[PDB]
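Enquirer: Take this structure, written in structure tokens, and hold onto it; I'll ask about it next.
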Amino acid sequence: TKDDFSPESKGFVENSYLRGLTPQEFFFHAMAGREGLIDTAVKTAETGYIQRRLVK
Amino acid sequence: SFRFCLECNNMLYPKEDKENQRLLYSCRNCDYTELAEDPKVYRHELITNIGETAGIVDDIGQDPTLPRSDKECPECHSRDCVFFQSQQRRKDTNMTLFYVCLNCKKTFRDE
Amino acid sequence: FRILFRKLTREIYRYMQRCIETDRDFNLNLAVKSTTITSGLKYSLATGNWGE
DNA sequence: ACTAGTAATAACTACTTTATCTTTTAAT
DNA sequence: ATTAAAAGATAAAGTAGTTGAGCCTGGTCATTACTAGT
Ligand SMILES: [Zn+2]
Ligand SMILES: [Zn+2]
């Protein structure tokens, strides 16, 4: 529903990996993982350029 | 809200008249003037709470996305009502809830 | 197909105006060039560059 | 009287630059 | 004594560089109207 601020409505996975994940928790976990992958990908190039500049 | 003209349909402007020292609404497109009885002309507030009521319409009662509660209505004491928050997108908007009944379809806060 | 048809219409317009200014009669069959449409579609699909 | 060669048809951060400004000074 | 001239401070805007290492695979590399051989 609209204006829901409960934890389960905003990305709280109360179940464990052994118990499984509900579809909403699965989608939220996928969103978090995608954000982490994007952050790592954008971080590697900047780190490499900084390292090359320092070496030079 | 500034009054508009009558023959060219243009909004009027405050002006001072000296022989009677009166404020009057005047038009520059034509020669139409009228008396102004309100010194209140300019308003600019830094912080406001106007607009929290939102655009509530009589058709808001059948919206399925709005959550439903059982709060006490002031006048009809209905057990069926919906609630939401303020429409204002201000950064410092409070989280006070707005309740709308279904039998009378009018708003009431917690105050 | 819209772009290729525009190009074909331009080419056939050039051909008919050349035929008129040379004072000759066209057979209406040698003016049309299917090769431009065929080659454009084939090249666009084969290479992936969506253009001429 | 026809044919084939054939040649021409991207944001982020930085520096630099320019014109604007204006205050300054000696001149009205 | 006071203000025209103007040299110069500098505020504002236009311009320009540059982006992590390697490795593998496959695909492409124009086009057609003018003028000379038989
Ligand atoms: Zn008027
Ligand atoms: Zn009610």
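The chains in the structure tokens are called A, B, ... from first to last as shown; in each chain the residues are counted from 1, and the ligands are counted from 1 in the order shown.
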As a quick test: using only C-alpha atoms (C1' of nucleotides) and all ligand atoms, which residues lie no more than 7 Å away from ligand 2? Give them as JSON, numbers by chain.
Expert: {"B": [73, 74, 75, 76, 77, 78, 101, 102, 103, 104, 105, 106]}
Enquirer: Write a file of the just-selected residues containing N, CA and C atoms, as a compact mmCIF listing (two decimals), in the first residue's frame.
Expert:
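Contents of again_36.txt, as written:
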# COMPACT_ATOMS: atom_id res chain seq x y z
N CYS B 73 -14.19 8.90 13.14
CA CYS B 73 -14.56 10.12 12.44
C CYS B 73 -15.20 11.11 13.41
N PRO B 74 -14.95 12.42 13.24
CA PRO B 74 -15.51 13.42 14.16
C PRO B 74 -17.03 13.41 14.26
N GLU B 75 -17.73 13.51 13.13
CA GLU B 75 -19.18 13.74 13.16
C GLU B 75 -20.01 12.48 12.95
N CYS B 76 -19.59 11.56 12.08
CA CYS B 76 -20.37 10.36 11.82
C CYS B 76 -19.81 9.12 12.51
N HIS B 77 -18.61 9.21 13.09
CA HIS B 77 -18.01 8.12 13.88
C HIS B 77 -17.90 6.83 13.07
N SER B 78 -17.58 6.97 11.78
CA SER B 78 -17.45 5.81 10.92
C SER B 78 -16.19 5.02 11.24
N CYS B 101 -12.55 10.12 5.64
CA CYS B 101 -13.62 9.16 5.88
C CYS B 101 -14.25 8.73 4.56
N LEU B 102 -15.20 7.80 4.64
CA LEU B 102 -15.87 7.26 3.46
C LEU B 102 -17.35 7.57 3.41
N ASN B 103 -18.04 7.60 4.55
CA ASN B 103 -19.47 7.91 4.54
C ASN B 103 -19.71 9.38 4.22
N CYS B 104 -18.90 10.28 4.79
CA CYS B 104 -19.01 11.70 4.51
C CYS B 104 -17.93 12.22 3.58
N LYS B 105 -16.84 11.48 3.40
CA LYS B 105 -15.77 11.83 2.46
C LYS B 105 -15.19 13.21 2.76
N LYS B 106 -14.88 13.45 4.03
CA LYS B 106 -14.23 14.68 4.45
C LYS B 106 -13.00 14.34 5.28
Enquirer: Using only C-alpha atoms (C1' of nucleotides), tabulate the residues of chain A lying at most 12 Å from any atom of chain E, each with its closest atom pair and that distance in Å to one decimal, by chain and increasing residue number, as JSON lines.
Expert:
{"residue": "A:41", "atom": "CA", "partner": "E:20", "partner_atom": "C1'", "distance": 10.3}
{"residue": "A:42", "atom": "CA", "partner": "E:20", "partner_atom": "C1'", "distance": 10.3}
{"residue": "A:43", "atom": "CA", "partner": "E:20", "partner_atom": "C1'", "distance": 9.7}
{"residue": "A:44", "atom": "CA", "partner": "E:20", "partner_atom": "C1'", "distance": 6.5}
{"residue": "A:45", "atom": "CA", "partner": "E:20", "partner_atom": "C1'", "distance": 4.7}
{"residue": "A:46", "atom": "CA", "partner": "E:20", "partner_atom": "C1'", "distance": 7.4}
{"residue": "A:47", "atom": "CA", "partner": "E:20", "partner_atom": "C1'", "distance": 7.3}
{"residue": "A:48", "atom": "CA", "partner": "E:20", "partner_atom": "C1'", "distance": 4.3}
{"residue": "A:49", "atom": "CA", "partner": "E:20", "partner_atom": "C1'", "distance": 6.2}
{"residue": "A:50", "atom": "CA", "partner": "E:20", "partner_atom": "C1'", "distance": 9.3}
{"residue": "A:51", "atom": "CA", "partner": "E:20", "partner_atom": "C1'", "distance": 8.9}
{"residue": "A:52", "atom": "CA", "partner": "E:20", "partner_atom": "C1'", "distance": 8.6}
{"residue": "A:53", "atom": "CA", "partner": "E:20", "partner_atom": "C1'", "distance": 11.5}
Enquirer: Each residue of chain A with at least one atom at most 10 Å from chain B should appear once, together with its nearest atom pair and the corresponding distance in Å (one decimal); atoms considered: only C-alpha atoms; ordering: chain, then increasing residue number; output as a tab-separated table.
Expert:
residue	atom	partner	partner_atom	distance
A:1	CA	B:65	CA	5.0
A:2	CA	B:66	CA	5.3
A:3	CA	B:84	CA	6.6
A:4	CA	B:67	CA	8.5
Enquirer: With C-alpha atoms kept, could you save the residues just selected as an mmCIF file, in the first residue's frame?
Expert:
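The resulting file, out_34.cif, is reproduced below:
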data_model
loop_
_atom_site.group_PDB
_atom_site.id
_atom_site.type_symbol
_atom_site.label_atom_id
_atom_site.label_comp_id
_atom_site.auth_asym_id
_atom_site.auth_seq_id
_atom_site.Cartn_x
_atom_site.Cartn_y
_atom_site.Cartn_z
ATOM 1 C CA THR A 1 0.000 0.000 0.000
ATOM 2 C CA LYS A 2 0.956 3.654 -0.315
ATOM 3 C CA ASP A 3 3.116 5.291 2.377
ATOM 4 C CA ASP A 4 4.271 2.005 3.919
#
Enquirer: Which of chain A counts as alpha helix (DSSP H) under DSSP, as a PDB file with N, CA, C and O atoms, in the first residue's frame please?
Expert:
ATOM      1  N   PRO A  23       9.617 -13.308  -2.792  1.00  0.00           N
ATOM      2  CA  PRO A  23       9.902 -12.599  -4.054  1.00  0.00           C
ATOM      3  C   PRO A  23      10.283 -11.139  -3.875  1.00  0.00           C
ATOM      4  O   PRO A  23      11.175 -10.647  -4.580  1.00  0.00           O
ATOM      5  N   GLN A  24       9.642 -10.429  -2.943  1.00  0.00           N
ATOM      6  CA  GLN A  24      10.020  -9.043  -2.685  1.00  0.00           C
ATOM      7  C   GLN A  24      11.436  -8.956  -2.129  1.00  0.00           C
ATOM      8  O   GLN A  24      12.232  -8.112  -2.561  1.00  0.00           O
ATOM      9  N   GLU A  25      11.766  -9.825  -1.170  1.00  0.00           N
ATOM     10  CA  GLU A  25      13.120  -9.855  -0.632  1.00  0.00           C
ATOM     11  C   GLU A  25      14.125 -10.247  -1.707  1.00  0.00           C
ATOM     12  O   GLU A  25      15.244  -9.726  -1.739  1.00  0.00           O
ATOM     13  N   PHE A  26      13.738 -11.164  -2.596  1.00  0.00           N
ATOM     14  CA  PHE A  26      14.608 -11.549  -3.701  1.00  0.00           C
ATOM     15  C   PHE A  26      14.901 -10.357  -4.606  1.00  0.00           C
ATOM     16  O   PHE A  26      16.053 -10.124  -4.995  1.00  0.00           O
ATOM     17  N   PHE A  27      13.868  -9.579  -4.938  1.00  0.00           N
ATOM     18  CA  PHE A  27      14.067  -8.409  -5.790  1.00  0.00           C
ATOM     19  C   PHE A  27      14.935  -7.359  -5.105  1.00  0.00           C
ATOM     20  O   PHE A  27      15.807  -6.755  -5.742  1.00  0.00           O
ATOM     21  N   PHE A  28      14.711  -7.123  -3.811  1.00  0.00           N
ATOM     22  CA  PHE A  28      15.520  -6.139  -3.095  1.00  0.00           C
ATOM     23  C   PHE A  28      16.978  -6.578  -3.000  1.00  0.00           C
ATOM     24  O   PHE A  28      17.894  -5.759  -3.158  1.00  0.00           O
ATOM     25  N   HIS A  29      17.211  -7.869  -2.752  1.00  0.00           N
ATOM     26  CA  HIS A  29      18.571  -8.393  -2.730  1.00  0.00           C
ATOM     27  C   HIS A  29      19.232  -8.259  -4.095  1.00  0.00           C
ATOM     28  O   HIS A  29      20.424  -7.940  -4.187  1.00  0.00           O
ATOM     29  N   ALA A  30      18.475  -8.503  -5.168  1.00  0.00           N
ATOM     30  CA  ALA A  30      19.016  -8.322  -6.510  1.00  0.00           C
ATOM     31  C   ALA A  30      19.390  -6.868  -6.763  1.00  0.00           C
ATOM     32  O   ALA A  30      20.427  -6.584  -7.376  1.00  0.00           O
ATOM     33  N   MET A  31      18.555  -5.933  -6.302  1.00  0.00           N
ATOM     34  CA  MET A  31      18.868  -4.514  -6.450  1.00  0.00           C
ATOM     35  C   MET A  31      20.157  -4.158  -5.718  1.00  0.00           C
ATOM     36  O   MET A  31      21.024  -3.456  -6.258  1.00  0.00           O
ATOM     37  N   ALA A  32      20.302  -4.646  -4.483  1.00  0.00           N
ATOM     38  CA  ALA A  32      21.513  -4.369  -3.715  1.00  0.00           C
ATOM     39  C   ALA A  32      22.747  -4.960  -4.389  1.00  0.00           C
ATOM     40  O   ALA A  32      23.801  -4.312  -4.456  1.00  0.00           O
ATOM     41  N   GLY A  33      22.635  -6.189  -4.896  1.00  0.00           N
ATOM     42  CA  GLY A  33      23.763  -6.806  -5.575  1.00  0.00           C
ATOM     43  C   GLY A  33      24.154  -6.077  -6.846  1.00  0.00           C
ATOM     44  O   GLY A  33      25.343  -5.921  -7.143  1.00  0.00           O
ATOM     45  N   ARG A  34      23.161  -5.628  -7.616  1.00  0.00           N
ATOM     46  CA  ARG A  34      23.450  -4.853  -8.818  1.00  0.00           C
ATOM     47  C   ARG A  34      24.148  -3.547  -8.470  1.00  0.00           C
ATOM     48  O   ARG A  34      25.104  -3.143  -9.148  1.00  0.00           O
ATOM     49  N   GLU A  35      23.690  -2.876  -7.409  1.00  0.00           N
ATOM     50  CA  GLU A  35      24.351  -1.648  -6.975  1.00  0.00           C
ATOM     51  C   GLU A  35      25.798  -1.912  -6.579  1.00  0.00           C
ATOM     52  O   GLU A  35      26.698  -1.141  -6.934  1.00  0.00           O
ATOM     53  N   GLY A  36      26.041  -3.005  -5.852  1.00  0.00           N
ATOM     54  CA  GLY A  36      27.407  -3.337  -5.472  1.00  0.00           C
ATOM     55  C   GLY A  36      28.300  -3.627  -6.665  1.00  0.00           C
ATOM     56  O   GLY A  36      29.452  -3.184  -6.714  1.00  0.00           O
ATOM     57  N   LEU A  37      27.781  -4.378  -7.641  1.00  0.00           N
ATOM     58  CA  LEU A  37      28.563  -4.675  -8.839  1.00  0.00           C
ATOM     59  C   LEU A  37      28.892  -3.406  -9.614  1.00  0.00           C
ATOM     60  O   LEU A  37      30.025  -3.231 -10.082  1.00  0.00           O
ATOM     61  N   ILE A  38      27.916  -2.506  -9.756  1.00  0.00           N
ATOM     62  CA  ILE A  38      28.160  -1.251 -10.462  1.00  0.00           C
ATOM     63  C   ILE A  38      29.203  -0.419  -9.726  1.00  0.00           C
ATOM     64  O   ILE A  38      30.090   0.185 -10.346  1.00  0.00           O
ATOM     65  N   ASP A  39      29.112  -0.372  -8.393  1.00  0.00           N
ATOM     66  CA  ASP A  39      30.081   0.386  -7.608  1.00  0.00           C
ATOM     67  C   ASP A  39      31.490  -0.166  -7.784  1.00  0.00           C
ATOM     68  O   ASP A  39      32.444   0.598  -7.971  1.00  0.00           O
ATOM     69  N   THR A  40      31.639  -1.492  -7.744  1.00  0.00           N
ATOM     70  CA  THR A  40      32.957  -2.090  -7.952  1.00  0.00           C
ATOM     71  C   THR A  40      33.489  -1.781  -9.348  1.00  0.00           C
ATOM     72  O   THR A  40      34.667  -1.427  -9.512  1.00  0.00           O
ATOM     73  N   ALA A  41      32.628  -1.896 -10.364  1.00  0.00           N
ATOM     74  CA  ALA A  41      33.063  -1.653 -11.736  1.00  0.00           C
ATOM     75  C   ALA A  41      33.522  -0.214 -11.928  1.00  0.00           C
ATOM     76  O   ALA A  41      34.539   0.035 -12.585  1.00  0.00           O
ATOM     77  N   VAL A  42      32.791   0.749 -11.363  1.00  0.00           N
ATOM     78  CA  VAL A  42      33.194   2.142 -11.540  1.00  0.00           C
ATOM     79  C   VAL A  42      34.408   2.465 -10.672  1.00  0.00           C
ATOM     80  O   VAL A  42      35.196   3.358 -11.005  1.00  0.00           O
ATOM     81  N   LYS A  43      34.599   1.736  -9.568  1.00  0.00           N
ATOM     82  CA  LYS A  43      35.734   2.009  -8.694  1.00  0.00           C
ATOM     83  C   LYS A  43      37.048   1.514  -9.288  1.00  0.00           C
ATOM     84  O   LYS A  43      38.090   2.158  -9.100  1.00  0.00           O
ATOM     85  N   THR A  44      37.023   0.376  -9.992  1.00  0.00           N
ATOM     86  CA  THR A  44      38.270  -0.202 -10.501  1.00  0.00           C
ATOM     87  C   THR A  44      38.977   0.737 -11.477  1.00  0.00           C
ATOM     88  O   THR A  44      40.199   0.911 -11.408  1.00  0.00           O
ATOM     89  N   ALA A  45      38.226   1.343 -12.401  1.00  0.00           N
ATOM     90  CA  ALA A  45      38.847   2.206 -13.404  1.00  0.00           C
ATOM     91  C   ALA A  45      39.456   3.454 -12.771  1.00  0.00           C
ATOM     92  O   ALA A  45      40.569   3.863 -13.132  1.00  0.00           O
ATOM     93  N   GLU A  46      38.737   4.073 -11.832  1.00  0.00           N
ATOM     94  CA  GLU A  46      39.266   5.246 -11.145  1.00  0.00           C
ATOM     95  C   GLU A  46      40.518   4.898 -10.352  1.00  0.00           C
ATOM     96  O   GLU A  46      41.496   5.657 -10.354  1.00  0.00           O
ATOM     97  N   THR A  47      40.509   3.748  -9.672  1.00  0.00           N
ATOM     98  CA  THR A  47      41.689   3.325  -8.926  1.00  0.00           C
ATOM     99  C   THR A  47      42.874   3.091  -9.855  1.00  0.00           C
ATOM    100  O   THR A  47      44.004   3.481  -9.541  1.00  0.00           O
ATOM    101  N   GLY A  48      42.632   2.466 -11.009  1.00  0.00           N
ATOM    102  CA  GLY A  48      43.714   2.243 -11.955  1.00  0.00           C
ATOM    103  C   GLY A  48      44.304   3.535 -12.488  1.00  0.00           C
ATOM    104  O   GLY A  48      45.527   3.675 -12.590  1.00  0.00           O
ATOM    105  N   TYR A  49      43.444   4.498 -12.829  1.00  0.00           N
ATOM    106  CA  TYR A  49      43.942   5.780 -13.317  1.00  0.00           C
ATOM    107  C   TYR A  49      44.728   6.517 -12.237  1.00  0.00           C
ATOM    108  O   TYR A  49      45.776   7.113 -12.519  1.00  0.00           O
ATOM    109  N   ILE A  50      44.241   6.481 -10.993  1.00  0.00           N
ATOM    110  CA  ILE A  50      44.952   7.130  -9.894  1.00  0.00           C
ATOM    111  C   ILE A  50      46.317   6.483  -9.687  1.00  0.00           C
ATOM    112  O   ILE A  50      47.324   7.174  -9.482  1.00  0.00           O
ATOM    113  N   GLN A  51      46.372   5.150  -9.742  1.00  0.00           N
ATOM    114  CA  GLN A  51      47.641   4.448  -9.580  1.00  0.00           C
ATOM    115  C   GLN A  51      48.620   4.807 -10.691  1.00  0.00           C
ATOM    116  O   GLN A  51      49.810   5.023 -10.431  1.00  0.00           O
ATOM    117  N   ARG A  52      48.139   4.868 -11.935  1.00  0.00           N
ATOM    118  CA  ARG A  52      49.022   5.233 -13.040  1.00  0.00           C
ATOM    119  C   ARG A  52      49.549   6.653 -12.880  1.00  0.00           C
ATOM    120  O   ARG A  52      50.736   6.916 -13.119  1.00  0.00           O
ATOM    121  N   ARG A  53      48.680   7.585 -12.475  1.00  0.00           N
ATOM    122  CA  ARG A  53      49.120   8.961 -12.268  1.00  0.00           C
ATOM    123  C   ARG A  53      50.157   9.049 -11.155  1.00  0.00           C
ATOM    124  O   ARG A  53      51.152   9.772 -11.282  1.00  0.00           O
ATOM    125  N   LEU A  54      49.946   8.316 -10.059  1.00  0.00           N
ATOM    126  CA  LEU A  54      50.919   8.316  -8.969  1.00  0.00           C
ATOM    127  C   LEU A  54      52.258   7.752  -9.423  1.00  0.00           C
ATOM    128  O   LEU A  54      53.319   8.298  -9.089  1.00  0.00           O
ATOM    129  N   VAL A  55      52.229   6.656 -10.185  1.00  0.00           N
ATOM    130  CA  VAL A  55      53.467   6.045 -10.661  1.00  0.00           C
ATOM    131  C   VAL A  55      54.218   7.005 -11.572  1.00  0.00           C
ATOM    132  O   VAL A  55      55.441   7.158 -11.464  1.00  0.00           O
TER     133      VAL A  55
END
Enquirer: Within 6 Å of ligand 1, counting only C-alpha atoms (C1' of nucleotides) and all ligand atoms, which protein or nucleic acid residues do you find, written as a list in words?
Expert: residues 5, 7, 8, 10, 27, 29, 30 and 32 of chain B
Enquirer: Do you know which residues are at most 12 Å from residue 6 of chain E counting only C-alpha atoms (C1' of nucleotides), after dropping those on the same chain fewer than 2 positions away, and could you put them as a PyMOL selection string?
Expert: (chain D and resi 22-27) or (chain E and resi 4+8)
Enquirer: Name the residues of chain B that fall into strand (DSSP E) according to DSSP on the backbone, using the chain letters and numbers of this document, as a count of residues only.
Expert: 25
Enquirer: Excluding residue 32 of chain E and its own-chain neighbours fewer than 4 positions away, which residues fall within 12 Å of it when counting only C-alpha atoms (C1' of nucleotides)? Please give them as a CSV table (one decimal) with N, CA, C and O atoms (P, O5', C5', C4', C3', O3' and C1' of nucleotides), in the first residue's frame.
Expert:
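What follows is the written file out-v5.csv:
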chain,number,residue,atom,x,y,z
C,11,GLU,N,16.6,9.3,-56.6
C,11,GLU,CA,17.4,8.8,-57.8
C,11,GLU,C,16.5,8.7,-59.0
C,11,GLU,O,16.9,9.0,-60.1
C,33,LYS,N,15.8,1.5,-59.5
C,33,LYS,CA,17.0,0.7,-59.1
C,33,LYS,C,16.7,0.0,-57.8
C,33,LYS,O,16.7,0.6,-56.7
C,35,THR,N,18.6,-2.1,-56.7
C,35,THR,CA,19.9,-2.4,-56.1
C,35,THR,C,20.2,-1.6,-54.8
C,35,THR,O,20.8,-2.0,-53.9
C,36,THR,N,19.8,-0.3,-54.9
C,36,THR,CA,20.0,0.6,-53.7
C,36,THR,C,19.3,0.1,-52.5
C,36,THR,O,19.9,0.0,-51.4
D,5,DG,P,36.3,-3.7,-67.1
D,5,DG,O5',37.3,-2.6,-66.7
D,5,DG,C5',38.4,-2.3,-67.6
D,5,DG,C4',38.6,-0.8,-67.8
D,5,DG,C3',39.0,0.0,-66.5
D,5,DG,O3',40.0,1.0,-66.9
D,5,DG,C1',37.0,0.9,-67.3
D,6,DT,P,40.9,1.7,-65.8
D,6,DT,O5',40.6,3.3,-66.0
D,6,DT,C5',39.3,3.7,-66.4
D,6,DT,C4',38.8,4.7,-65.3
D,6,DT,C3',39.3,4.4,-63.9
D,6,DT,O3',39.5,5.7,-63.3
D,6,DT,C1',37.0,4.3,-63.9
D,7,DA,P,41.0,6.2,-63.0
D,7,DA,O5',40.8,7.8,-62.8
D,7,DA,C5',40.0,8.5,-63.6
D,7,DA,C4',38.8,9.1,-62.9
D,7,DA,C3',39.1,9.8,-61.6
D,7,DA,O3',38.4,11.0,-61.5
D,7,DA,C1',37.5,8.1,-61.2
D,8,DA,P,39.0,12.3,-60.7
D,8,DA,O5',37.7,12.8,-59.8
D,8,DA,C5',36.5,13.1,-60.5
D,8,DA,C4',35.3,12.8,-59.6
D,8,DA,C3',35.3,13.5,-58.3
D,8,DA,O3',33.9,13.9,-58.0
D,8,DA,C1',35.2,11.2,-57.9
D,9,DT,P,33.6,15.0,-56.9
D,9,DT,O5',32.4,14.4,-56.0
D,9,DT,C5',31.2,14.0,-56.6
D,9,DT,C4',30.6,12.8,-55.8
D,9,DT,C3',30.3,13.2,-54.4
D,9,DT,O3',29.0,12.7,-54.0
D,9,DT,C1',31.6,11.2,-54.5
Enquirer: Tell me, in Å to one decimal, how far atom CA of residue 21 of chain C is from atom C1' of residue 34 of chain E.
Expert: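 Separating atom CA of residue 21 of chain C from atom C1' of residue 34 of chain E is a distance of 16.7 Å.
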Enquirer: Can you pull out every residue within 12 Å of residue 28 of chain D, counting only C-alpha atoms (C1' of nucleotides), but drop anything in the same chain fewer than 4 positions away, and send it as number ranges by chain?
Expert: E: 1-5
Enquirer: Report as a list in words all protein, DNA and RNA residues lying within 12 Å of residue 15 of chain C, evaluated on only C-alpha atoms (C1' of nucleotides), omitting residues in the same chain fewer than 6 positions from it.
Expert: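 In the requested form, the answer reads residues 8, 9, 21, 22, 24, 25, 26, 27, 28, 29, 30, 31, 32 and 33 of chain C; 33 of chain E.
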Enquirer: Can I get the selected residues back with N, CA, C and O atoms (P, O5', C5', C4', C3', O3' and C1' of nucleotides), as a PDB file, in the first residue's frame?
Expert:
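In the end it all went to again.pdb:
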ATOM      1  N   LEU C   8      15.531   6.230 -53.163  1.00  0.00           N
ATOM      2  CA  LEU C   8      15.111   5.710 -54.461  1.00  0.00           C
ATOM      3  C   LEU C   8      14.276   6.729 -55.224  1.00  0.00           C
ATOM      4  O   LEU C   8      14.416   6.861 -56.445  1.00  0.00           O
ATOM      5  N   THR C   9      13.392   7.449 -54.529  1.00  0.00           N
ATOM      6  CA  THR C   9      12.600   8.479 -55.191  1.00  0.00           C
ATOM      7  C   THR C   9      13.485   9.608 -55.700  1.00  0.00           C
ATOM      8  O   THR C   9      13.269  10.122 -56.802  1.00  0.00           O
ATOM      9  N   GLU C  21      15.553  16.119 -70.093  1.00  0.00           N
ATOM     10  CA  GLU C  21      16.473  17.103 -70.654  1.00  0.00           C
ATOM     11  C   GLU C  21      17.292  16.538 -71.807  1.00  0.00           C
ATOM     12  O   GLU C  21      17.829  17.315 -72.605  1.00  0.00           O
ATOM     13  N   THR C  22      17.403  15.215 -71.918  1.00  0.00           N
ATOM     14  CA  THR C  22      18.019  14.594 -73.083  1.00  0.00           C
ATOM     15  C   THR C  22      17.019  14.315 -74.198  1.00  0.00           C
ATOM     16  O   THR C  22      17.421  13.830 -75.261  1.00  0.00           O
ATOM     17  N   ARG C  24      14.317  12.088 -74.479  1.00  0.00           N
ATOM     18  CA  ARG C  24      14.152  10.669 -74.757  1.00  0.00           C
ATOM     19  C   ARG C  24      12.987  10.134 -73.938  1.00  0.00           C
ATOM     20  O   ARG C  24      12.548  10.754 -72.966  1.00  0.00           O
ATOM     21  N   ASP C  25      12.484   8.974 -74.348  1.00  0.00           N
ATOM     22  CA  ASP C  25      11.354   8.333 -73.689  1.00  0.00           C
ATOM     23  C   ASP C  25      11.848   7.159 -72.854  1.00  0.00           C
ATOM     24  O   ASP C  25      12.533   6.269 -73.368  1.00  0.00           O
ATOM     25  N   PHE C  26      11.499   7.161 -71.571  1.00  0.00           N
ATOM     26  CA  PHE C  26      11.885   6.090 -70.667  1.00  0.00           C
ATOM     27  C   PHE C  26      10.836   4.985 -70.670  1.00  0.00           C
ATOM     28  O   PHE C  26       9.653   5.223 -70.926  1.00  0.00           O
ATOM     29  N   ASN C  27      11.287   3.767 -70.381  1.00  0.00           N
ATOM     30  CA  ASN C  27      10.413   2.602 -70.341  1.00  0.00           C
ATOM     31  C   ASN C  27       9.811   2.357 -68.965  1.00  0.00           C
ATOM     32  O   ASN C  27       9.082   1.373 -68.796  1.00  0.00           O
ATOM     33  N   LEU C  28      10.141   3.197 -67.976  1.00  0.00           N
ATOM     34  CA  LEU C  28       9.587   3.166 -66.622  1.00  0.00           C
ATOM     35  C   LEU C  28      10.102   1.960 -65.838  1.00  0.00           C
ATOM     36  O   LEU C  28       9.858   1.842 -64.633  1.00  0.00           O
ATOM     37  N   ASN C  29      10.851   1.078 -66.498  1.00  0.00           N
ATOM     38  CA  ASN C  29      11.419  -0.096 -65.851  1.00  0.00           C
ATOM     39  C   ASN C  29      12.916   0.006 -65.612  1.00  0.00           C
ATOM     40  O   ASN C  29      13.410  -0.562 -64.638  1.00  0.00           O
ATOM     41  N   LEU C  30      13.647   0.711 -66.475  1.00  0.00           N
ATOM     42  CA  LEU C  30      15.071   0.924 -66.260  1.00  0.00           C
ATOM     43  C   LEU C  30      15.355   2.089 -65.322  1.00  0.00           C
ATOM     44  O   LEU C  30      16.502   2.252 -64.893  1.00  0.00           O
ATOM     45  N   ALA C  31      14.345   2.898 -64.999  1.00  0.00           N
ATOM     46  CA  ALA C  31      14.544   4.013 -64.082  1.00  0.00           C
ATOM     47  C   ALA C  31      14.663   3.540 -62.638  1.00  0.00           C
ATOM     48  O   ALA C  31      15.445   4.099 -61.862  1.00  0.00           O
ATOM     49  N   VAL C  32      13.899   2.519 -62.264  1.00  0.00           N
ATOM     50  CA  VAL C  32      13.889   2.034 -60.888  1.00  0.00           C
ATOM     51  C   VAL C  32      15.138   1.199 -60.634  1.00  0.00           C
ATOM     52  O   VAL C  32      15.514   0.347 -61.448  1.00  0.00           O
ATOM     53  N   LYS C  33      15.796   1.458 -59.510  1.00  0.00           N
ATOM     54  CA  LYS C  33      16.993   0.733 -59.093  1.00  0.00           C
ATOM     55  C   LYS C  33      16.662  -0.021 -57.809  1.00  0.00           C
ATOM     56  O   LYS C  33      16.650   0.562 -56.722  1.00  0.00           O
TER      57      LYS C  33
ATOM     58  P    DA E  33      24.340   6.644 -61.704  1.00  0.00           P
ATOM     59  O5'  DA E  33      24.715   7.664 -62.882  1.00  0.00           O
ATOM     60  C5'  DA E  33      24.896   9.056 -62.601  1.00  0.00           C
ATOM     61  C4'  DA E  33      26.126   9.615 -63.311  1.00  0.00           C
ATOM     62  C3'  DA E  33      26.009   9.767 -64.823  1.00  0.00           C
ATOM     63  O3'  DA E  33      26.879  10.811 -65.262  1.00  0.00           O
ATOM     64  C1'  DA E  33      27.634   8.143 -64.340  1.00  0.00           C
TER      65       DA E  33
END
Enquirer: Atom CA of residue 43 of chain B and atom CA of residue 28 of chain B, how far apart in Å?
Expert: 23.2 Å
Enquirer: To one decimal place in Å, what is the distance between atom CA of residue 53 of chain B and atom CA of residue 6 of chain A?
Expert: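 Computing the Euclidean distance for atom CA of residue 53 of chain B and atom CA of residue 6 of chain A yields 23.8 Å.
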Enquirer: Can you pull out every residue within 10 Å of residue 16 of chain D, counting only C-alpha atoms (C1' of nucleotides), but drop anything in the same chain fewer than 6 positions away, and send it as a CSV table (one decimal) with N, CA and C atoms (P, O5', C5', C4', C3', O3' and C1' of nucleotides), in the first residue's frame?
Expert:
chain,number,residue,atom,x,y,z
E,14,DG,P,29.8,32.4,-23.1
E,14,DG,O5',30.8,31.9,-24.2
E,14,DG,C5',31.9,32.8,-24.7
E,14,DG,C4',33.2,32.0,-24.8
E,14,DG,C3',33.1,30.6,-25.4
E,14,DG,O3',33.8,30.5,-26.6
E,14,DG,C1',34.5,30.7,-23.4
E,15,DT,P,33.7,29.2,-27.5
E,15,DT,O5',35.0,28.4,-27.0
E,15,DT,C5',36.3,29.1,-26.9
E,15,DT,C4',37.3,28.2,-26.2
E,15,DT,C3',37.4,26.8,-26.7
E,15,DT,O3',38.8,26.6,-27.2
E,15,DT,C1',37.3,26.8,-24.4
E,16,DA,P,39.1,25.3,-28.1
E,16,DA,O5',39.7,24.2,-27.1
E,16,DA,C5',40.9,24.5,-26.3
E,16,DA,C4',41.2,23.4,-25.4
E,16,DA,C3',41.0,22.0,-25.9
E,16,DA,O3',42.1,21.2,-25.5
E,16,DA,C1',39.8,22.3,-23.9
